[PDB]
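Just one chain is shown here, as structure tokens, and it is the form deposited in one PDB entry.
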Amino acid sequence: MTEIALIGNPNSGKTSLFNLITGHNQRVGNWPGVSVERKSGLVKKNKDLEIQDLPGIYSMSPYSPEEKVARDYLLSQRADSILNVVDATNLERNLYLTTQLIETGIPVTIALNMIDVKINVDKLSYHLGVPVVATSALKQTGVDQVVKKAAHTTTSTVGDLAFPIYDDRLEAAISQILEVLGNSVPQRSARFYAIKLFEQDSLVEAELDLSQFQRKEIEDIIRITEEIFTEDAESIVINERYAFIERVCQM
């Protein structure tokens, strides 16, 4: 069975789209160890697809349990695909999460929502390297198509993946964290873990069993990259994401 993770910003009509895809059969439980709601449901028109609703989140930071829930699920690789619900009226701000979702290594399909409620869909698709489909609940179009696209854009079907490329200086840091990580992380999510370690993410630092050597190399890399920017590590990433998004939205 194909498991499509539904994730987006709050107020993107994500919970609206979930209900319109799954119909009446909705199974709700609880995530392990936390009080965070676990919503799920099979696709109304295709019962062979289970849609896993994730809570509406703006980022994948170590500060929120909802954001931890979303992250941990995507790194456990229980999801085949990501169906990223994106509010078109606030494209730049919604794409902050998207860039992070793409880095996890689970193929992303974007349901570009609230088209009715101008963007060239194909150019946005091309510069993010992900399938994008305009979805309008009002016109009742592309909802079935975007599900189908996510359904066959999975960890199984897709070979290589396009990740957002940042400044050469940060890419230098990322590849040097990638070299020192070795096989301590999966190839699929390696880049995701490398950026989090650069940011000095509490969850990732504590999650990975890293040798004294690896931890010391990551430090040197952070120290030098912080000096060349004259900016703290976390901020460097934040600015890079927005810069990439602005470059992408220009298109």
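One-based numbering along the sequence shown.
Another form, the form solved in complex with a small molecule, is not on view; read the next lines as being about it.
* Tell me which of 165-173, 74-82, 147-155, 107-115 has residues with heavy atoms within 4.5 angstroms of the small molecule in the deposited complex? -> Partner-contacting stretch among the options: 107-115.
* From the list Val133, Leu181, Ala137, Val130, which entry has a heavy atom within 4.5 Å of the small molecule in the deposited complex? -> Contact residue from the list: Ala137.
* Does any heavy atom of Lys14 come within 4.5 Å of a heavy atom of the small molecule in the deposited complex? -> Yes, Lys14 is a contact residue.
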